[PDB]
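Here's target_3.pdb, which has PDB, C-alpha atoms:
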MODEL        1
ATOM      1  CA  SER A   1     -19.388  27.916 -23.364
ATOM      2  CA  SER A   2     -17.167  30.698 -24.735
ATOM      3  CA  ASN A   3     -14.654  30.058 -21.962
ATOM      4  CA  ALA A   4     -12.898  26.699 -21.969
ATOM      5  CA  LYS A   5     -11.312  27.464 -18.602
ATOM      6  CA  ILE A   6     -14.667  28.132 -16.939
ATOM      7  CA  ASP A   7     -16.110  24.941 -18.448
ATOM      8  CA  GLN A   8     -13.236  22.885 -17.034
ATOM      9  CA  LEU A   9     -13.594  24.538 -13.625
ATOM     10  CA  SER A  10     -17.321  23.869 -13.605
ATOM     11  CA  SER A  11     -16.756  20.229 -14.417
ATOM     12  CA  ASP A  12     -14.077  19.881 -11.742
ATOM     13  CA  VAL A  13     -16.304  21.500  -9.134
ATOM     14  CA  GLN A  14     -19.165  19.143  -9.964
ATOM     15  CA  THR A  15     -16.780  16.220  -9.582
ATOM     16  CA  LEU A  16     -15.500  17.560  -6.270
ATOM     17  CA  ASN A  17     -19.070  17.970  -4.980
ATOM     18  CA  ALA A  18     -19.639  14.277  -5.757
ATOM     19  CA  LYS A  19     -16.300  13.130  -4.313
ATOM     20  CA  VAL A  20     -16.995  15.008  -1.101
ATOM     21  CA  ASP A  21     -20.502  13.602  -0.815
ATOM     22  CA  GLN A  22     -19.093  10.102  -1.366
ATOM     23  CA  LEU A  23     -16.391  10.524   1.287
ATOM     24  CA  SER A  24     -19.213  11.607   3.598
ATOM     25  CA  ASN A  25     -20.934   8.264   2.954
ATOM     26  CA  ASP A  26     -17.682   6.380   3.451
ATOM     27  CA  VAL A  27     -17.055   8.093   6.780
ATOM     28  CA  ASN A  28     -20.613   7.510   7.950
ATOM     29  CA  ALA A  29     -20.427   3.846   6.914
ATOM     30  CA  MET A  30     -17.200   3.420   8.851
ATOM     31  CA  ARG A  31     -19.022   4.700  11.954
ATOM     32  CA  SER A  32     -21.178   1.598  12.155
ATOM     33  CA  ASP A  33     -18.020  -0.525  11.992
ATOM     34  CA  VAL A  34     -16.279   1.426  14.735
ATOM     35  CA  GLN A  35     -19.336   1.136  16.991
ATOM     36  CA  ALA A  36     -19.476  -2.571  16.198
ATOM     37  CA  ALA A  37     -15.860  -2.961  17.324
ATOM     38  CA  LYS A  38     -16.385  -0.812  20.420
ATOM     39  CA  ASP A  39     -19.502  -2.793  21.309
ATOM     40  CA  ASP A  40     -17.846  -6.181  20.866
ATOM     41  CA  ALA A  41     -14.927  -5.069  23.021
ATOM     42  CA  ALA A  42     -17.266  -3.910  25.794
ATOM     43  CA  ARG A  43     -19.033  -7.252  25.424
ATOM     44  CA  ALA A  44     -15.767  -9.140  25.992
ATOM     45  CA  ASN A  45     -14.888  -7.049  29.037
ATOM     46  CA  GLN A  46     -18.393  -7.367  30.409
ATOM     47  CA  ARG A  47     -18.173 -11.153  30.143
ATOM     48  CA  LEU A  48     -14.844 -11.038  31.997
ATOM     49  CA  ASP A  49     -16.368  -8.824  34.697
ATOM     50  CA  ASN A  50     -19.086 -11.453  35.100
ATOM     51  CA  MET A  51     -16.516 -14.088  36.102
ATOM     52  CA  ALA A  52     -13.765 -11.975  37.699
ATOM     53  CA  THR A  53     -15.401 -12.264  41.118
ATOM     54  CA  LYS A  54     -15.271 -16.038  40.721
ATOM     55  CA  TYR A  55     -11.904 -16.601  39.035
ATOM     56  CA  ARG A  56      -8.586 -14.787  39.471
TER
ATOM     57  CA  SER B   1     -19.941  40.431 -10.289
ATOM     58  CA  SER B   2     -20.392  40.782 -14.060
ATOM     59  CA  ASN B   3     -20.171  37.011 -14.437
ATOM     60  CA  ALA B   4     -22.937  34.956 -12.857
ATOM     61  CA  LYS B   5     -21.074  31.742 -13.653
ATOM     62  CA  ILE B   6     -17.928  32.871 -11.836
ATOM     63  CA  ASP B   7     -19.998  33.979  -8.831
ATOM     64  CA  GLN B   8     -21.651  30.557  -8.614
ATOM     65  CA  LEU B   9     -18.292  28.799  -8.947
ATOM     66  CA  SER B  10     -16.797  30.969  -6.228
ATOM     67  CA  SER B  11     -19.660  30.173  -3.904
ATOM     68  CA  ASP B  12     -19.423  26.448  -4.627
ATOM     69  CA  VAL B  13     -15.682  26.446  -4.009
ATOM     70  CA  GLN B  14     -16.128  28.204  -0.671
ATOM     71  CA  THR B  15     -18.706  25.591   0.284
ATOM     72  CA  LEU B  16     -16.403  22.772  -0.790
ATOM     73  CA  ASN B  17     -13.542  24.233   1.273
ATOM     74  CA  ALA B  18     -15.846  24.118   4.313
ATOM     75  CA  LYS B  19     -17.200  20.634   3.555
ATOM     76  CA  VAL B  20     -13.677  19.295   3.202
ATOM     77  CA  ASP B  21     -12.531  20.928   6.423
ATOM     78  CA  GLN B  22     -15.562  19.445   8.198
ATOM     79  CA  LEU B  23     -14.918  15.938   6.858
ATOM     80  CA  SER B  24     -11.377  16.378   8.179
ATOM     81  CA  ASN B  25     -12.824  16.999  11.654
ATOM     82  CA  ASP B  26     -15.173  14.043  11.315
ATOM     83  CA  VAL B  27     -12.324  11.732  10.337
ATOM     84  CA  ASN B  28     -10.106  12.993  13.141
ATOM     85  CA  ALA B  29     -12.941  12.592  15.658
ATOM     86  CA  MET B  30     -13.509   9.027  14.512
ATOM     87  CA  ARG B  31      -9.832   8.316  15.265
ATOM     88  CA  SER B  32     -10.368   8.675  18.992
ATOM     89  CA  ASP B  33     -13.241   6.187  18.750
ATOM     90  CA  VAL B  34     -11.200   3.654  16.804
ATOM     91  CA  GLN B  35      -8.350   3.898  19.321
ATOM     92  CA  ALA B  36     -10.886   3.518  22.116
ATOM     93  CA  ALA B  37     -12.163   0.298  20.536
ATOM     94  CA  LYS B  38      -8.650  -0.989  19.847
ATOM     95  CA  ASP B  39      -7.622  -0.199  23.418
ATOM     96  CA  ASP B  40     -10.642  -1.886  24.984
ATOM     97  CA  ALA B  41     -10.048  -4.980  22.869
ATOM     98  CA  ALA B  42      -6.400  -5.159  23.948
ATOM     99  CA  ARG B  43      -7.641  -4.704  27.509
ATOM    100  CA  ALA B  44      -9.954  -7.721  27.181
ATOM    101  CA  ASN B  45      -7.205  -9.882  25.699
ATOM    102  CA  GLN B  46      -4.732  -8.725  28.309
ATOM    103  CA  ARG B  47      -7.143  -9.736  31.068
ATOM    104  CA  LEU B  48      -7.512 -13.155  29.423
ATOM    105  CA  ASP B  49      -3.726 -13.503  29.185
ATOM    106  CA  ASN B  50      -3.583 -12.800  32.919
ATOM    107  CA  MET B  51      -5.681 -15.895  33.676
ATOM    108  CA  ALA B  52      -4.809 -18.201  30.759
ATOM    109  CA  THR B  53      -1.898 -19.697  32.693
ATOM    110  CA  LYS B  54      -4.345 -20.552  35.468
ATOM    111  CA  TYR B  55      -7.452 -21.642  33.556
ATOM    112  CA  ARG B  56      -7.799 -23.560  30.286
TER
ATOM    113  CA  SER C   1      -4.000  34.897 -16.857
ATOM    114  CA  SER C   2      -6.070  37.992 -17.687
ATOM    115  CA  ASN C   3      -8.547  37.065 -14.963
ATOM    116  CA  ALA C   4      -7.279  37.115 -11.391
ATOM    117  CA  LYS C   5     -10.538  35.600 -10.159
ATOM    118  CA  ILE C   6     -10.271  32.608 -12.494
ATOM    119  CA  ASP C   7      -6.633  32.077 -11.483
ATOM    120  CA  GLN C   8      -7.588  32.014  -7.799
ATOM    121  CA  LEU C   9     -10.468  29.623  -8.480
ATOM    122  CA  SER C  10      -8.198  27.326 -10.457
ATOM    123  CA  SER C  11      -5.684  27.256  -7.646
ATOM    124  CA  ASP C  12      -8.372  26.580  -5.043
ATOM    125  CA  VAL C  13      -9.828  23.753  -7.109
ATOM    126  CA  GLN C  14      -6.414  22.132  -7.487
ATOM    127  CA  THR C  15      -5.966  22.355  -3.729
ATOM    128  CA  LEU C  16      -9.407  20.870  -3.124
ATOM    129  CA  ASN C  17      -8.648  17.976  -5.495
ATOM    130  CA  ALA C  18      -5.556  17.226  -3.388
ATOM    131  CA  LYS C  19      -7.340  17.656  -0.043
ATOM    132  CA  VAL C  20     -10.080  15.292  -1.152
ATOM    133  CA  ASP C  21      -7.606  12.706  -2.395
ATOM    134  CA  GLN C  22      -5.756  12.945   0.930
ATOM    135  CA  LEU C  23      -8.932  12.515   2.989
ATOM    136  CA  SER C  24      -9.576   9.435   0.850
ATOM    137  CA  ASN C  25      -6.212   8.033   1.975
ATOM    138  CA  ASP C  26      -6.925   8.943   5.585
ATOM    139  CA  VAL C  27     -10.287   7.185   5.494
ATOM    140  CA  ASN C  28      -8.832   4.112   3.818
ATOM    141  CA  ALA C  29      -5.983   3.996   6.347
ATOM    142  CA  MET C  30      -8.459   4.182   9.207
ATOM    143  CA  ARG C  31     -10.193   1.101   7.760
ATOM    144  CA  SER C  32      -7.262  -1.135   8.608
ATOM    145  CA  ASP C  33      -7.388   0.170  12.184
ATOM    146  CA  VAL C  34     -11.113  -0.441  12.530
ATOM    147  CA  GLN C  35     -10.733  -3.995  11.211
ATOM    148  CA  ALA C  36      -7.836  -4.496  13.609
ATOM    149  CA  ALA C  37     -10.053  -3.450  16.522
ATOM    150  CA  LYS C  38     -12.981  -5.553  15.306
ATOM    151  CA  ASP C  39     -10.691  -8.551  14.864
ATOM    152  CA  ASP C  40      -9.099  -8.226  18.296
ATOM    153  CA  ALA C  41     -12.529  -7.952  19.894
ATOM    154  CA  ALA C  42     -13.735 -11.100  18.121
ATOM    155  CA  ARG C  43     -10.508 -12.741  19.274
ATOM    156  CA  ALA C  44     -11.268 -11.878  22.912
ATOM    157  CA  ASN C  45     -14.830 -13.169  22.654
ATOM    158  CA  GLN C  46     -13.688 -16.295  20.866
ATOM    159  CA  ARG C  47     -11.231 -17.025  23.673
ATOM    160  CA  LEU C  48     -14.055 -16.567  26.193
ATOM    161  CA  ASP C  49     -16.294 -18.904  24.184
ATOM    162  CA  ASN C  50     -13.503 -21.481  24.366
ATOM    163  CA  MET C  51     -13.697 -21.556  28.175
ATOM    164  CA  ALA C  52     -17.353 -20.662  28.822
ATOM    165  CA  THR C  53     -18.366 -24.323  28.694
ATOM    166  CA  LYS C  54     -15.794 -25.000  31.404
ATOM    167  CA  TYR C  55     -16.120 -21.953  33.666
ATOM    168  CA  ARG C  56     -19.185 -19.921  34.650
TER
ENDMDL
END
Now, as a test, write the supplied structure out as structure tokens.
Amino acid sequence: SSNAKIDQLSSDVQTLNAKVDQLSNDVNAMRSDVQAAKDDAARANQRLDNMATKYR
Amino acid sequence: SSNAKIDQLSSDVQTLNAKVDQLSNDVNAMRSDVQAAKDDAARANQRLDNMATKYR
Amino acid sequence: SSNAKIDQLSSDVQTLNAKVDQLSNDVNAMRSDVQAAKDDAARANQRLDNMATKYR
């Protein structure tokens, strides 16, 4: 356009929009990993609970 | 204003500011979940340590 | 510059670029913690597997 500054800003904003959307995906993807960890930990403790009344 | 392009950029920047602030909350919230997982895992291993000198 | 609005937008975009880059670091840093949790959980369950054929 007739304004180089505006053109650069527009480009940077488009890039930011994408970077933000990507970080959103990254965060959401990490959620499944956190739940996986949390679930495996509960699984370990559950197993221990299942034998704690038998072994001390 | 007299510049439609600037108005659109301003709006997009305001939205980005909010989206970034939100992602910040999401990340911080996930921290408590990660620590919860990490703590429950250590708890399982601690329990195992407490009986490992008794059972092999 | 001759446009206060553009100057403010430019500043805000620079700040956003930094905030986004930082969130990227925060997310990446959290990854090592999630893996740590996941690994310690697997470690607990592995230990349990190692004695499950001996104790029920």
Practice task
Extract, using only C-alpha atoms, all DNA, RNA and protein residues at most 12 Å from residue 26 of chain C, discarding same-chain residues fewer than 5 positions from it, and format them as a list in words.
Solution key: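 In the requested format, the answer is residues 23, 26 and 27 of chain A; 23, 24, 25, 26, 27, 28, 30 and 31 of chain B; 19, 20, 21, 31, 32 and 33 of chain C.
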Practice task
Would you write out, as an MDAnalysis selection string, every residue that the PyMOL selection byres ((chain C and resi 51) around 12) captures in this file?
Solution key: (chainID A and resid 47:48 51) or (chainID B and resid 48 51:52 54:56) or (chainID C and resid 44:50 52:56)
Fitted chain C, least squares over ordered Cα pairs with chain A, as a compact mmCIF listing (two decimals) with C-alpha atoms, in the frame of the given file:
# COMPACT_ATOMS: atom_id res chain seq x y z
CA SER C 1 -19.39 27.92 -23.36
CA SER C 2 -17.17 30.70 -24.74
CA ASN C 3 -14.65 30.06 -21.96
CA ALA C 4 -12.90 26.70 -21.97
CA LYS C 5 -11.31 27.46 -18.60
CA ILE C 6 -14.67 28.13 -16.94
CA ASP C 7 -16.11 24.94 -18.45
CA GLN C 8 -13.24 22.88 -17.03
CA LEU C 9 -13.59 24.54 -13.63
CA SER C 10 -17.32 23.87 -13.60
CA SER C 11 -16.76 20.23 -14.42
CA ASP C 12 -14.08 19.88 -11.74
CA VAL C 13 -16.30 21.50 -9.13
CA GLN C 14 -19.16 19.14 -9.96
CA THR C 15 -16.78 16.22 -9.58
CA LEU C 16 -15.50 17.56 -6.27
CA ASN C 17 -19.07 17.97 -4.98
CA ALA C 18 -19.64 14.28 -5.76
CA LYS C 19 -16.30 13.13 -4.31
CA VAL C 20 -17.00 15.01 -1.10
CA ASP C 21 -20.50 13.60 -0.82
CA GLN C 22 -19.09 10.10 -1.37
CA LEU C 23 -16.39 10.52 1.29
CA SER C 24 -19.21 11.61 3.60
CA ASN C 25 -20.93 8.26 2.95
CA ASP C 26 -17.68 6.38 3.45
CA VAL C 27 -17.06 8.09 6.78
CA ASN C 28 -20.61 7.51 7.95
CA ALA C 29 -20.43 3.85 6.91
CA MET C 30 -17.20 3.42 8.85
CA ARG C 31 -19.02 4.70 11.95
CA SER C 32 -21.18 1.60 12.15
CA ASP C 33 -18.02 -0.53 11.99
CA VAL C 34 -16.28 1.43 14.74
CA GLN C 35 -19.34 1.14 16.99
CA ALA C 36 -19.48 -2.57 16.20
CA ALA C 37 -15.86 -2.96 17.32
CA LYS C 38 -16.39 -0.81 20.42
CA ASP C 39 -19.50 -2.79 21.31
CA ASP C 40 -17.85 -6.18 20.87
CA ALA C 41 -14.93 -5.07 23.02
CA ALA C 42 -17.27 -3.91 25.79
CA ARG C 43 -19.03 -7.25 25.42
CA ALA C 44 -15.77 -9.14 25.99
CA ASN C 45 -14.89 -7.05 29.04
CA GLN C 46 -18.39 -7.37 30.41
CA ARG C 47 -18.17 -11.15 30.14
CA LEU C 48 -14.84 -11.04 32.00
CA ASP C 49 -16.37 -8.82 34.70
CA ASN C 50 -19.09 -11.45 35.10
CA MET C 51 -16.52 -14.09 36.10
CA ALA C 52 -13.76 -11.97 37.70
CA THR C 53 -15.40 -12.26 41.12
CA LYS C 54 -15.27 -16.04 40.72
CA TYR C 55 -11.90 -16.60 39.03
CA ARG C 56 -8.59 -14.79 39.47
Anything within 10 Å of (-18.8, -0.2, 19.5): list those residues as a PDB file with C-alpha atoms, in the frame of the given file, counting only C-alpha atoms and sticking to the file's coordinates.
ATOM      1  CA  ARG A  31     -19.022   4.700  11.954  1.00  0.00           C
ATOM      2  CA  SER A  32     -21.178   1.598  12.155  1.00  0.00           C
ATOM      3  CA  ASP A  33     -18.020  -0.525  11.992  1.00  0.00           C
ATOM      4  CA  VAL A  34     -16.279   1.426  14.735  1.00  0.00           C
ATOM      5  CA  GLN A  35     -19.336   1.136  16.991  1.00  0.00           C
ATOM      6  CA  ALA A  36     -19.476  -2.571  16.198  1.00  0.00           C
ATOM      7  CA  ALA A  37     -15.860  -2.961  17.324  1.00  0.00           C
ATOM      8  CA  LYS A  38     -16.385  -0.812  20.420  1.00  0.00           C
ATOM      9  CA  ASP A  39     -19.502  -2.793  21.309  1.00  0.00           C
ATOM     10  CA  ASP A  40     -17.846  -6.181  20.866  1.00  0.00           C
ATOM     11  CA  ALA A  41     -14.927  -5.069  23.021  1.00  0.00           C
ATOM     12  CA  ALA A  42     -17.266  -3.910  25.794  1.00  0.00           C
ATOM     13  CA  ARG A  43     -19.033  -7.252  25.424  1.00  0.00           C
TER      14      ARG A  43
ATOM     15  CA  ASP B  33     -13.241   6.187  18.750  1.00  0.00           C
ATOM     16  CA  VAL B  34     -11.200   3.654  16.804  1.00  0.00           C
ATOM     17  CA  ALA B  36     -10.886   3.518  22.116  1.00  0.00           C
ATOM     18  CA  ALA B  37     -12.163   0.298  20.536  1.00  0.00           C
ATOM     19  CA  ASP B  40     -10.642  -1.886  24.984  1.00  0.00           C
TER      20      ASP B  40
ATOM     21  CA  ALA C  37     -10.053  -3.450  16.522  1.00  0.00           C
ATOM     22  CA  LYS C  38     -12.981  -5.553  15.306  1.00  0.00           C
ATOM     23  CA  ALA C  41     -12.529  -7.952  19.894  1.00  0.00           C
TER      24      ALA C  41
END
Problem - Distance query residue 17 of chain B at most 9 Å, only C-alpha atoms, self and fewer than 4 positions along chain excluded, as a ChimeraX atom specification - result: /B:12-13,21-22 /C:12,16
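Separating atom CA of residue 9 of chain B from atom CA of residue 9 of chain A is a distance of 7.9 Å.
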Practice task
Work out how far apart atom CA of residue 29 of chain C and atom CA of residue 15 of chain C are and give it in Å to one decimal.
Solution key: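 That distance, rounded to one decimal, is 20.9 Å.
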Reconstructed segment 20-53 of chain B, atom set N, CA and C atoms, as a PDB file, keeping the file's coordinate frame:
ATOM      1  N   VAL B  20     -14.900  20.073   3.102  1.00  0.00           N
ATOM      2  CA  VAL B  20     -13.677  19.295   3.202  1.00  0.00           C
ATOM      3  C   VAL B  20     -13.094  19.451   4.608  1.00  0.00           C
ATOM      4  N   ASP B  21     -13.053  20.683   5.092  1.00  0.00           N
ATOM      5  CA  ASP B  21     -12.531  20.928   6.423  1.00  0.00           C
ATOM      6  C   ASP B  21     -13.362  20.178   7.462  1.00  0.00           C
ATOM      7  N   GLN B  22     -14.681  20.150   7.273  1.00  0.00           N
ATOM      8  CA  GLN B  22     -15.562  19.445   8.198  1.00  0.00           C
ATOM      9  C   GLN B  22     -15.290  17.945   8.174  1.00  0.00           C
ATOM     10  N   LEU B  23     -15.199  17.367   6.979  1.00  0.00           N
ATOM     11  CA  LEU B  23     -14.918  15.938   6.858  1.00  0.00           C
ATOM     12  C   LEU B  23     -13.604  15.615   7.564  1.00  0.00           C
ATOM     13  N   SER B  24     -12.663  16.552   7.513  1.00  0.00           N
ATOM     14  CA  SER B  24     -11.377  16.378   8.179  1.00  0.00           C
ATOM     15  C   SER B  24     -11.605  16.241   9.678  1.00  0.00           C
ATOM     16  N   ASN B  25     -12.506  17.058  10.226  1.00  0.00           N
ATOM     17  CA  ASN B  25     -12.824  16.999  11.654  1.00  0.00           C
ATOM     18  C   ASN B  25     -13.506  15.677  11.967  1.00  0.00           C
ATOM     19  N   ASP B  26     -14.439  15.282  11.109  1.00  0.00           N
ATOM     20  CA  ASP B  26     -15.173  14.043  11.315  1.00  0.00           C
ATOM     21  C   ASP B  26     -14.222  12.849  11.342  1.00  0.00           C
ATOM     22  N   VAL B  27     -13.287  12.818  10.399  1.00  0.00           N
ATOM     23  CA  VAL B  27     -12.324  11.732  10.337  1.00  0.00           C
ATOM     24  C   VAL B  27     -11.461  11.739  11.595  1.00  0.00           C
ATOM     25  N   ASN B  28     -10.946  12.907  11.959  1.00  0.00           N
ATOM     26  CA  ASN B  28     -10.106  12.993  13.141  1.00  0.00           C
ATOM     27  C   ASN B  28     -10.865  12.576  14.401  1.00  0.00           C
ATOM     28  N   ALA B  29     -12.134  12.958  14.496  1.00  0.00           N
ATOM     29  CA  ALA B  29     -12.941  12.592  15.658  1.00  0.00           C
ATOM     30  C   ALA B  29     -13.129  11.079  15.722  1.00  0.00           C
ATOM     31  N   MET B  30     -13.312  10.464  14.561  1.00  0.00           N
ATOM     32  CA  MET B  30     -13.509   9.027  14.512  1.00  0.00           C
ATOM     33  C   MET B  30     -12.265   8.293  15.002  1.00  0.00           C
ATOM     34  N   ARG B  31     -11.098   8.911  14.827  1.00  0.00           N
ATOM     35  CA  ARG B  31      -9.832   8.316  15.265  1.00  0.00           C
ATOM     36  C   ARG B  31      -9.819   7.984  16.746  1.00  0.00           C
ATOM     37  N   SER B  32     -10.330   8.897  17.559  1.00  0.00           N
ATOM     38  CA  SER B  32     -10.368   8.675  18.992  1.00  0.00           C
ATOM     39  C   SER B  32     -11.276   7.494  19.314  1.00  0.00           C
ATOM     40  N   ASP B  33     -12.322   7.299  18.513  1.00  0.00           N
ATOM     41  CA  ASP B  33     -13.241   6.187  18.750  1.00  0.00           C
ATOM     42  C   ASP B  33     -12.607   4.863  18.356  1.00  0.00           C
ATOM     43  N   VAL B  34     -11.863   4.868  17.254  1.00  0.00           N
ATOM     44  CA  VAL B  34     -11.200   3.654  16.804  1.00  0.00           C
ATOM     45  C   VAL B  34     -10.160   3.220  17.834  1.00  0.00           C
ATOM     46  N   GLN B  35      -9.380   4.182  18.326  1.00  0.00           N
ATOM     47  CA  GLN B  35      -8.350   3.898  19.321  1.00  0.00           C
ATOM     48  C   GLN B  35      -8.997   3.387  20.605  1.00  0.00           C
ATOM     49  N   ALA B  36     -10.165   3.932  20.926  1.00  0.00           N
ATOM     50  CA  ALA B  36     -10.886   3.518  22.116  1.00  0.00           C
ATOM     51  C   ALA B  36     -11.276   2.049  21.973  1.00  0.00           C
ATOM     52  N   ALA B  37     -11.763   1.682  20.793  1.00  0.00           N
ATOM     53  CA  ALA B  37     -12.163   0.298  20.536  1.00  0.00           C
ATOM     54  C   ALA B  37     -10.940  -0.614  20.615  1.00  0.00           C
ATOM     55  N   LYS B  38      -9.895  -0.237  19.888  1.00  0.00           N
ATOM     56  CA  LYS B  38      -8.650  -0.989  19.847  1.00  0.00           C
ATOM     57  C   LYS B  38      -8.092  -1.183  21.257  1.00  0.00           C
ATOM     58  N   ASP B  39      -8.129  -0.126  22.057  1.00  0.00           N
ATOM     59  CA  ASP B  39      -7.622  -0.199  23.418  1.00  0.00           C
ATOM     60  C   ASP B  39      -8.466  -1.077  24.328  1.00  0.00           C
ATOM     61  N   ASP B  40      -9.783  -1.064  24.140  1.00  0.00           N
ATOM     62  CA  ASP B  40     -10.642  -1.886  24.984  1.00  0.00           C
ATOM     63  C   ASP B  40     -10.506  -3.352  24.601  1.00  0.00           C
ATOM     64  N   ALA B  41     -10.226  -3.610  23.330  1.00  0.00           N
ATOM     65  CA  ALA B  41     -10.048  -4.980  22.869  1.00  0.00           C
ATOM     66  C   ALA B  41      -8.753  -5.538  23.461  1.00  0.00           C
ATOM     67  N   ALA B  42      -7.691  -4.737  23.413  1.00  0.00           N
ATOM     68  CA  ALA B  42      -6.400  -5.159  23.948  1.00  0.00           C
ATOM     69  C   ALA B  42      -6.553  -5.401  25.443  1.00  0.00           C
ATOM     70  N   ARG B  43      -7.382  -4.581  26.079  1.00  0.00           N
ATOM     71  CA  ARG B  43      -7.641  -4.704  27.509  1.00  0.00           C
ATOM     72  C   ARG B  43      -8.312  -6.050  27.819  1.00  0.00           C
ATOM     73  N   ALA B  44      -9.268  -6.450  26.983  1.00  0.00           N
ATOM     74  CA  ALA B  44      -9.954  -7.721  27.181  1.00  0.00           C
ATOM     75  C   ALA B  44      -8.962  -8.868  27.027  1.00  0.00           C
ATOM     76  N   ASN B  45      -8.187  -8.833  25.950  1.00  0.00           N
ATOM     77  CA  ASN B  45      -7.205  -9.882  25.699  1.00  0.00           C
ATOM     78  C   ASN B  45      -6.122  -9.928  26.750  1.00  0.00           C
ATOM     79  N   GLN B  46      -5.748  -8.766  27.272  1.00  0.00           N
ATOM     80  CA  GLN B  46      -4.732  -8.725  28.309  1.00  0.00           C
ATOM     81  C   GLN B  46      -5.277  -9.445  29.535  1.00  0.00           C
ATOM     82  N   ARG B  47      -6.510  -9.119  29.909  1.00  0.00           N
ATOM     83  CA  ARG B  47      -7.143  -9.736  31.068  1.00  0.00           C
ATOM     84  C   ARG B  47      -7.161 -11.253  30.922  1.00  0.00           C
ATOM     85  N   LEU B  48      -7.481 -11.723  29.717  1.00  0.00           N
ATOM     86  CA  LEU B  48      -7.512 -13.155  29.423  1.00  0.00           C
ATOM     87  C   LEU B  48      -6.117 -13.763  29.543  1.00  0.00           C
ATOM     88  N   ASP B  49      -5.102 -13.018  29.108  1.00  0.00           N
ATOM     89  CA  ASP B  49      -3.726 -13.503  29.185  1.00  0.00           C
ATOM     90  C   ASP B  49      -3.351 -13.690  30.650  1.00  0.00           C
ATOM     91  N   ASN B  50      -3.856 -12.786  31.486  1.00  0.00           N
ATOM     92  CA  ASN B  50      -3.583 -12.800  32.919  1.00  0.00           C
ATOM     93  C   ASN B  50      -4.151 -14.004  33.668  1.00  0.00           C
ATOM     94  N   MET B  51      -5.076 -14.727  33.042  1.00  0.00           N
ATOM     95  CA  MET B  51      -5.681 -15.895  33.676  1.00  0.00           C
ATOM     96  C   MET B  51      -5.500 -17.186  32.874  1.00  0.00           C
ATOM     97  N   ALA B  52      -5.020 -17.055  31.640  1.00  0.00           N
ATOM     98  CA  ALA B  52      -4.809 -18.201  30.759  1.00  0.00           C
ATOM     99  C   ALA B  52      -3.795 -19.220  31.301  1.00  0.00           C
ATOM    100  N   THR B  53      -2.871 -18.773  32.143  1.00  0.00           N
ATOM    101  CA  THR B  53      -1.898 -19.697  32.693  1.00  0.00           C
ATOM    102  C   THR B  53      -2.451 -20.359  33.940  1.00  0.00           C
TER     103      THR B  53
END
